[PDB]
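Data block below; observations after.
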Amino acid sequence: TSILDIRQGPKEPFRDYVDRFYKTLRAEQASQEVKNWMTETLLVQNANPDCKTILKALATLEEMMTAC
Amino acid sequence: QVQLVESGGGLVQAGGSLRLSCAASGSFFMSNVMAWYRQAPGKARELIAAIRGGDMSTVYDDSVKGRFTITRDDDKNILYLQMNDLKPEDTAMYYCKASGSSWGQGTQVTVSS
């Protein structure tokens, strides 16, 4: 699956979306630099409206997961 | 399945250039992040370049740095991959991708010598 397609479900817990996201990104055939860029660019962008609202308002992965 | 459509592939000698285009006329497809992938027969489809709208940040695989440039034209809704200084190792099918798009048929790049 392309990492671009991993999007948080409307009722999916943020931790579960994070898990799916990292699993898919680990499976992508890409350099570590490209994978890092994808985490900074897609993780908040592909979150559902509720979590996007909280995340934008703030950042580490551990701060993101607590805020949601 | 908004399906993206790649074009601009061709047959060129090593050192030459190409420009791939990706579009879906009549479709609402440009996502905040877009990427180009490439796949040689029987090999993993690899993520080689990506761009993010707004700040226009870009990232590239080490094998294409300083040779390829990903750009997007927001008015025309076209994503491009400029390819300079081509190498036989660049020979592959190239695919573009947006968040939620279906995979296109790709465009073939063949580099001789």
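Each chain in the structure tokens gets a letter, A, B, ..., in the order shown, and its residues are numbered from 1; ligands are numbered from 1 in order too.
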Problem set entry | Sel. of strand (DSSP E) residues, chain B, as number ranges by chain | B: 5-7, 10-13, 18-23, 33-39, 46-52, 58-60, 68-73, 78-83, 92-98, 107-112
Exercise. Given a cut-off of 9 Å, which residues of chain A touch chain B, counting only C-alpha atoms, written out as a PyMOL selection string?
Worked result: chain A and resi 2-7+28-31+33-34+37-38+41-42+45-46
Exercise. Could you pull the residues within 9 Å of residue 14 in chain B, counting only C-alpha atoms, minus those fewer than 5 positions along the same chain, as number ranges by chain?
Worked result: B: 85-88, 111-113
Exercise. Contacts of residue 15 in chain A at 9 Å or less, counting only C-alpha atoms, minus same-chain residues fewer than 3 places along, as number ranges by chain?
Worked result: A: 12, 18-20, 65, 68
Using the selection just defined, write its residues with N, CA and C atoms as an mmCIF file, in the first residue's frame.
```cif
data_model
loop_
_atom_site.group_PDB
_atom_site.id
_atom_site.type_symbol
_atom_site.label_atom_id
_atom_site.label_comp_id
_atom_site.auth_asym_id
_atom_site.auth_seq_id
_atom_site.Cartn_x
_atom_site.Cartn_y
_atom_site.Cartn_z
ATOM 1 N N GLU A 12 -11.644 5.817 14.138
ATOM 2 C CA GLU A 12 -10.412 5.078 14.437
ATOM 3 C C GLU A 12 -9.568 5.809 15.489
ATOM 4 N N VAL A 18 -1.790 5.570 13.852
ATOM 5 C CA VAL A 18 -0.319 5.681 13.965
ATOM 6 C C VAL A 18 0.332 4.329 13.631
ATOM 7 N N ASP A 19 -0.210 3.230 14.200
ATOM 8 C CA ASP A 19 0.292 1.879 13.980
ATOM 9 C C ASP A 19 0.218 1.476 12.520
ATOM 10 N N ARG A 20 -0.929 1.697 11.891
ATOM 11 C CA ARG A 20 -1.118 1.373 10.493
ATOM 12 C C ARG A 20 -0.173 2.183 9.593
ATOM 13 N N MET A 65 0.293 11.744 20.228
ATOM 14 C CA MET A 65 -0.505 10.615 20.731
ATOM 15 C C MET A 65 -1.181 10.936 22.063
ATOM 16 N N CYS A 68 -4.235 13.558 21.359
ATOM 17 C CA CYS A 68 -5.340 12.784 20.844
ATOM 18 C C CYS A 68 -5.382 11.558 21.745
#
```
Write down as an mmCIF file with N, CA, C and O atoms, in the first residue's frame the residues belonging to chain A that are assigned alpha helix (DSSP H) by DSSP computed on the backbone.
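result_19.cif written:
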```cif
data_model
loop_
_atom_site.group_PDB
_atom_site.id
_atom_site.type_symbol
_atom_site.label_atom_id
_atom_site.label_comp_id
_atom_site.auth_asym_id
_atom_site.auth_seq_id
_atom_site.Cartn_x
_atom_site.Cartn_y
_atom_site.Cartn_z
ATOM 1 N N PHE A 14 -6.482 7.407 17.344
ATOM 2 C CA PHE A 14 -5.241 7.944 16.800
ATOM 3 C C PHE A 14 -4.062 6.968 16.901
ATOM 4 O O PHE A 14 -3.331 6.817 15.925
ATOM 5 N N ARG A 15 -3.946 6.228 18.027
ATOM 6 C CA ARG A 15 -2.889 5.215 18.225
ATOM 7 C C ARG A 15 -2.953 4.086 17.190
ATOM 8 O O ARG A 15 -1.913 3.595 16.749
ATOM 9 N N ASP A 16 -4.151 3.707 16.807
ATOM 10 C CA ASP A 16 -4.346 2.670 15.841
ATOM 11 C C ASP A 16 -3.991 3.145 14.421
ATOM 12 O O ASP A 16 -3.469 2.409 13.654
ATOM 13 N N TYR A 17 -4.321 4.385 14.108
ATOM 14 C CA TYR A 17 -3.964 4.994 12.825
ATOM 15 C C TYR A 17 -2.421 5.106 12.761
ATOM 16 O O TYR A 17 -1.831 4.748 11.744
ATOM 17 N N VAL A 18 -1.790 5.570 13.852
ATOM 18 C CA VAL A 18 -0.319 5.681 13.965
ATOM 19 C C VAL A 18 0.332 4.329 13.631
ATOM 20 O O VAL A 18 1.277 4.283 12.846
ATOM 21 N N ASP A 19 -0.210 3.230 14.200
ATOM 22 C CA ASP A 19 0.292 1.879 13.980
ATOM 23 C C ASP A 19 0.218 1.476 12.520
ATOM 24 O O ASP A 19 1.228 1.022 11.976
ATOM 25 N N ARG A 20 -0.929 1.697 11.891
ATOM 26 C CA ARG A 20 -1.118 1.373 10.493
ATOM 27 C C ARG A 20 -0.173 2.183 9.593
ATOM 28 O O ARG A 20 0.333 1.676 8.653
ATOM 29 N N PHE A 21 -0.027 3.460 9.921
ATOM 30 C CA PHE A 21 0.819 4.412 9.200
ATOM 31 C C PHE A 21 2.266 3.921 9.216
ATOM 32 O O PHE A 21 2.876 3.762 8.153
ATOM 33 N N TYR A 22 2.805 3.660 10.424
ATOM 34 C CA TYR A 22 4.196 3.200 10.539
ATOM 35 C C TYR A 22 4.448 1.836 9.939
ATOM 36 O O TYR A 22 5.481 1.638 9.301
ATOM 37 N N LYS A 23 3.527 0.925 10.089
ATOM 38 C CA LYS A 23 3.629 -0.356 9.429
ATOM 39 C C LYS A 23 3.719 -0.244 7.927
ATOM 40 O O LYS A 23 4.548 -0.834 7.333
ATOM 41 N N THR A 24 2.849 0.538 7.328
ATOM 42 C CA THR A 24 2.858 0.767 5.874
ATOM 43 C C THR A 24 4.159 1.464 5.442
ATOM 44 O O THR A 24 4.728 1.107 4.414
ATOM 45 N N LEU A 25 4.592 2.480 6.198
ATOM 46 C CA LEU A 25 5.807 3.228 5.847
ATOM 47 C C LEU A 25 7.060 2.352 5.973
ATOM 48 O O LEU A 25 7.961 2.456 5.134
ATOM 49 N N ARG A 26 7.083 1.440 6.957
ATOM 50 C CA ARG A 26 8.191 0.495 7.099
ATOM 51 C C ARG A 26 8.264 -0.405 5.871
ATOM 52 O O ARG A 26 9.361 -0.634 5.350
ATOM 53 N N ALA A 27 7.093 -0.819 5.346
ATOM 54 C CA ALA A 27 6.976 -1.684 4.162
ATOM 55 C C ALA A 27 7.295 -0.967 2.832
ATOM 56 O O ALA A 27 7.684 -1.628 1.872
ATOM 57 N N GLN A 32 15.591 6.184 4.185
ATOM 58 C CA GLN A 32 15.170 6.646 5.513
ATOM 59 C C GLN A 32 14.826 8.141 5.466
ATOM 60 O O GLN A 32 13.848 8.555 6.073
ATOM 61 N N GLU A 33 15.578 8.932 4.674
ATOM 62 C CA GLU A 33 15.321 10.374 4.489
ATOM 63 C C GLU A 33 13.905 10.582 3.883
ATOM 64 O O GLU A 33 13.175 11.461 4.325
ATOM 65 N N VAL A 34 13.533 9.793 2.868
ATOM 66 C CA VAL A 34 12.191 9.905 2.252
ATOM 67 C C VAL A 34 11.110 9.491 3.292
ATOM 68 O O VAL A 34 10.103 10.175 3.429
ATOM 69 N N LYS A 35 11.345 8.385 4.024
ATOM 70 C CA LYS A 35 10.415 7.918 5.068
ATOM 71 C C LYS A 35 10.217 8.967 6.155
ATOM 72 O O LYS A 35 9.081 9.228 6.535
ATOM 73 N N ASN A 36 11.297 9.610 6.604
ATOM 74 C CA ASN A 36 11.202 10.680 7.606
ATOM 75 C C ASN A 36 10.384 11.858 7.131
ATOM 76 O O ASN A 36 9.535 12.379 7.870
ATOM 77 N N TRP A 37 10.606 12.250 5.865
ATOM 78 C CA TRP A 37 9.856 13.343 5.254
ATOM 79 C C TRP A 37 8.379 12.991 5.246
ATOM 80 O O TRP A 37 7.577 13.839 5.593
ATOM 81 N N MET A 38 8.021 11.742 4.862
ATOM 82 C CA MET A 38 6.630 11.274 4.810
ATOM 83 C C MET A 38 5.964 11.374 6.185
ATOM 84 O O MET A 38 4.801 11.799 6.270
ATOM 85 N N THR A 39 6.698 11.011 7.262
ATOM 86 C CA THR A 39 6.130 11.108 8.612
ATOM 87 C C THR A 39 5.801 12.571 8.938
ATOM 88 O O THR A 39 4.726 12.834 9.450
ATOM 89 N N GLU A 40 6.705 13.515 8.626
ATOM 90 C CA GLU A 40 6.477 14.941 8.937
ATOM 91 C C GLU A 40 5.381 15.565 8.077
ATOM 92 O O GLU A 40 4.703 16.492 8.526
ATOM 93 N N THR A 41 5.227 15.075 6.854
ATOM 94 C CA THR A 41 4.258 15.604 5.917
ATOM 95 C C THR A 41 2.865 14.962 5.949
ATOM 96 O O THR A 41 1.904 15.625 5.687
ATOM 97 N N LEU A 42 2.778 13.665 6.178
ATOM 98 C CA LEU A 42 1.509 12.952 6.105
ATOM 99 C C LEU A 42 0.789 12.634 7.372
ATOM 100 O O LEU A 42 -0.437 12.518 7.344
ATOM 101 N N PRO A 49 -10.757 14.626 10.892
ATOM 102 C CA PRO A 49 -10.948 16.044 11.270
ATOM 103 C C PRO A 49 -10.783 16.382 12.763
ATOM 104 O O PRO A 49 -10.197 17.425 13.079
ATOM 105 N N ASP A 50 -11.255 15.502 13.667
ATOM 106 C CA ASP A 50 -11.152 15.675 15.123
ATOM 107 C C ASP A 50 -9.698 15.759 15.566
ATOM 108 O O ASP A 50 -9.331 16.690 16.284
ATOM 109 N N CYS A 51 -8.871 14.801 15.147
ATOM 110 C CA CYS A 51 -7.461 14.784 15.528
ATOM 111 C C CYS A 51 -6.620 15.839 14.812
ATOM 112 O O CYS A 51 -5.707 16.407 15.424
ATOM 113 N N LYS A 52 -6.977 16.171 13.559
ATOM 114 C CA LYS A 52 -6.288 17.212 12.793
ATOM 115 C C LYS A 52 -6.409 18.561 13.524
ATOM 116 O O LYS A 52 -5.421 19.284 13.622
ATOM 117 N N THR A 53 -7.578 18.810 14.074
ATOM 118 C CA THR A 53 -7.911 19.999 14.823
ATOM 119 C C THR A 53 -7.089 20.211 16.106
ATOM 120 O O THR A 53 -6.635 21.314 16.392
ATOM 121 N N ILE A 54 -6.893 19.134 16.835
ATOM 122 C CA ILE A 54 -6.075 19.034 18.049
ATOM 123 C C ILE A 54 -4.572 19.192 17.713
ATOM 124 O O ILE A 54 -3.877 19.969 18.377
ATOM 125 N N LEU A 55 -4.080 18.434 16.701
ATOM 126 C CA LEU A 55 -2.676 18.423 16.280
ATOM 127 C C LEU A 55 -2.202 19.745 15.698
ATOM 128 O O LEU A 55 -1.081 20.154 15.996
ATOM 129 N N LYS A 56 -3.067 20.452 14.985
ATOM 130 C CA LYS A 56 -2.711 21.685 14.317
ATOM 131 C C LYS A 56 -2.503 22.746 15.378
ATOM 132 O O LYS A 56 -1.612 23.583 15.292
ATOM 133 N N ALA A 57 -3.360 22.676 16.380
ATOM 134 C CA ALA A 57 -3.358 23.536 17.544
ATOM 135 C C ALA A 57 -2.044 23.545 18.320
ATOM 136 O O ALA A 57 -1.701 24.555 18.916
ATOM 137 N N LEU A 61 6.032 12.587 18.293
ATOM 138 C CA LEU A 61 4.985 11.574 18.161
ATOM 139 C C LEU A 61 4.305 11.302 19.516
ATOM 140 O O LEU A 61 3.082 11.160 19.569
ATOM 141 N N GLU A 62 5.090 11.294 20.607
ATOM 142 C CA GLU A 62 4.584 11.088 21.971
ATOM 143 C C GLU A 62 3.674 12.229 22.465
ATOM 144 O O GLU A 62 2.755 11.971 23.242
ATOM 145 N N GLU A 63 3.886 13.457 21.999
ATOM 146 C CA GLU A 63 3.016 14.588 22.325
ATOM 147 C C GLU A 63 1.753 14.590 21.498
ATOM 148 O O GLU A 63 0.716 15.018 21.934
ATOM 149 N N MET A 64 1.886 14.128 20.273
ATOM 150 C CA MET A 64 0.765 13.998 19.346
ATOM 151 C C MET A 64 -0.222 12.938 19.849
ATOM 152 O O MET A 64 -1.425 13.211 19.910
ATOM 153 N N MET A 65 0.293 11.744 20.228
ATOM 154 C CA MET A 65 -0.505 10.615 20.731
ATOM 155 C C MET A 65 -1.181 10.936 22.063
ATOM 156 O O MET A 65 -2.315 10.502 22.292
ATOM 157 N N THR A 66 -0.563 11.770 22.902
ATOM 158 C CA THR A 66 -1.245 12.188 24.139
ATOM 159 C C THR A 66 -2.322 13.233 23.917
ATOM 160 O O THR A 66 -3.324 13.192 24.547
ATOM 161 N N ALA A 67 -2.114 14.139 22.990
ATOM 162 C CA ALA A 67 -3.074 15.185 22.720
ATOM 163 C C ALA A 67 -4.367 14.645 22.093
ATOM 164 O O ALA A 67 -5.416 15.203 22.253
#
```
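Using only C-alpha atoms for every distance, the candidate list B:1, B:7, B:84, B:110 yields B:7 as the residue closest to residue 20 in chain B.
Among the candidates B:43, B:77, B:82, B:9, the residue lying nearest to residue 24 in chain B is B:77 (atoms considered: only C-alpha atoms).
If you look at CA of residue 73 in chain B and CA of residue 10 in chain B, they are 22.0 Å away from each other.
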Exercise. Could you work out how far CA of residue 2 in chain B lies from CA of residue 69 in chain B, giving the answer in Å with one decimal?
Worked result: 24.5 Å
